[PDB]
Amino acid sequence: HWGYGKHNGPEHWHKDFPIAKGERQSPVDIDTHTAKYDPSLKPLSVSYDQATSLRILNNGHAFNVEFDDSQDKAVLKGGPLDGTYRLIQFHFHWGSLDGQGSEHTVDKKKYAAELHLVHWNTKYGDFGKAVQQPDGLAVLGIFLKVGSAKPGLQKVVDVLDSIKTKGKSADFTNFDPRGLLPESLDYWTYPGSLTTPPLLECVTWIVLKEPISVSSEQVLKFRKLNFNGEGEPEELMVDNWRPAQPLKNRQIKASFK
Ligand SMILES: CCCCCCc1ccc(S(N)(=O)=O)cc1
Ligand code: NA
Ligand code: NA
Ligand SMILES: [Zn+2]
């Protein structure tokens with residue numbers, strides 16, 4: 001099956017997922033000079049006060065922090081979006097070294113990691129129906145740079161020892177995702193896709209301009225996770241990012257002047 005190694009990584013995905021060569025694939029390089037400020041874009045409305053985290057799972061590709069998406073608790077609205085998108089999970093992509101790891105790039109700059117908060121459009125009723133639509137998902141992307149520690153990330157870091165290998169999960173209740181945001185909600189937006197198989201073209205991407213800082217020790221602990229299952233040869237979970245894809249017939253819009 002698919003992965004991020006030389007024999008199953010991004011250059012191979014198109015064989016089982018031909019949409020990998022589609023017209024609105026993600027991630028992309030954000031050329032800051034040619035992104036055009038759109039004064040009609042609204043401020044992002046991030047309403048996470050009632051978020052109910054449930055569990056953290058090593059899925060063999062990253063770790064997902066999962067939320068209760070049965071009801072309208074944590075939602076994303078505004079910005080480029082029409083209607084209401086419910087938070088279902090977040091996860092990260094990161095590198096083996098601080099100089100790589102993000103999926104989106106900014107003027108070709110790679111960040112050490114990238115956080116994806118995944119939301120589905122409530123008009124479609126369930127996540128599974130949302131991923132059959134071109135406006136089914138909204139992913140809020142946040143870059144991570146290495147510097148000072150992010151206090152709101154430490155609870156995530158300190159559970160990773162308990163989900164080292166593929167298929168392991170742990171309770172992860174009462175986690176507040178507001179602690180992962182930067183100060184500013186200024187963003188770029190464009191239409192794209194999931195960045196892993198099945199690579200479905202359902203995503204309104206909202207990528208925040210301002211990175212969050214995390215410490216070297218925090219990202220080092222991400223890199224101690226394993227892609228493999230328990231009892232299998234150890235393969236460190238690093239470099240679980242897809243490179244930038246062709247922009248094709250798309251424009252990236254900026255929320256800020
Ligand atoms: C038919 C089931 C599809 C599950 C898709 C799960 C998924 C969610 C978000 C992302 S990402 N990295 O674009 O945020 C990738 C994959
Ligand atoms: Na442009
Ligand atoms: Na419920
Ligand atoms: Zn992702």
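Every number here is computed from the coordinates shown, using simple stated rules; none is lab data. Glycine also receives a Cβ, built like all others from the backbone with ideal geometry; neighbour counts cover every protein chain displayed.
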Net dipole in debye of the chain [+1 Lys, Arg Cβ; -1 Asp, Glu Cβ; about Cα centre; nearest 20]: 500
Centre separation in Å (Cα based) which lies between the stretch 103-129 and the stretch 214-245: 19
Gaussian network model of the chain, Cα within-10 Å springs - most flexible of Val207, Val139, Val159: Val159
Cα Rg, Dmax (largest Cα-Cα span) when computed across the stretch 144-257, Å: 16.8, 53
Cα-derived Rg over Rh, computed across the chain with Rh taken as Kirkwood radius: 0.93
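Write out the trypsin sites (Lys or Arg not before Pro) in the stretch 91-173 meeting two conditions: DSSP loop, and at most 10 other Cβ atoms within 10 Å of their Cβ.
Numbers: sites: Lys108, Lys109, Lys110, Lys123, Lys129, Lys145, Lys155, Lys164, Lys166, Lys168; in loops: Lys108, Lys110, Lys164, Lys166, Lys168.
Within the stretch 91-173, the qualifying trypsin sites (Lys or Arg not before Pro) (loop, at most 10 other Cβ atoms within 10 Å) are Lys108.
State which entries of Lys21/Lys108; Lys77/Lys145; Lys164/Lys221; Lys129/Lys166; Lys21/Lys166 exceed 19 angstrom in Cα-Cα distance in the structure shown.
Numbers: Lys21/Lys108 21 Å; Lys77/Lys145 26 Å; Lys164/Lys221 10 Å; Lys129/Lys166 27 Å; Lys21/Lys166 28 Å.
In this structure, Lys21/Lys108; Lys77/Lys145; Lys129/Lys166; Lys21/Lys166 exceed 19 Å between Cα atoms.
Given that compact globular proteins tend to follow 2.2 N^0.38 Å, what is the ratio of the alpha-carbon Rg of the stretch 28-123 to that value? It would help to have the intermediate numbers written out before the result.
Numbers: Rg = 15.7 Å, N = 96, 2.2 N^0.38 = 12.5 Å.
Against the compact-globule rule of thumb, the ratio is 1.26.
Around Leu41, under 14 Å between beta carbons, what's the net of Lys plus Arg minus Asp minus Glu among the other residues? Intermediate results must be reported in sequence, preceding the final value.
Working: positive: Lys36, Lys42, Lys77, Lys209, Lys253, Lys257; negative: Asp38, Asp82, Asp186.
Once positives and negatives cancel, what remains is +3.
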Extent along principal axes [Cα atoms of the stretch 118-161; Å; largest to smallest]: 39, 22, 14
Most mobile of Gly128, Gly60, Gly167 in a GNM of the chain (Cα contacts under 10 Å): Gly128
Relative contact order (%) - criterion: Cα under 8 Å, at least six apart; region: the stretch 16-166: 19
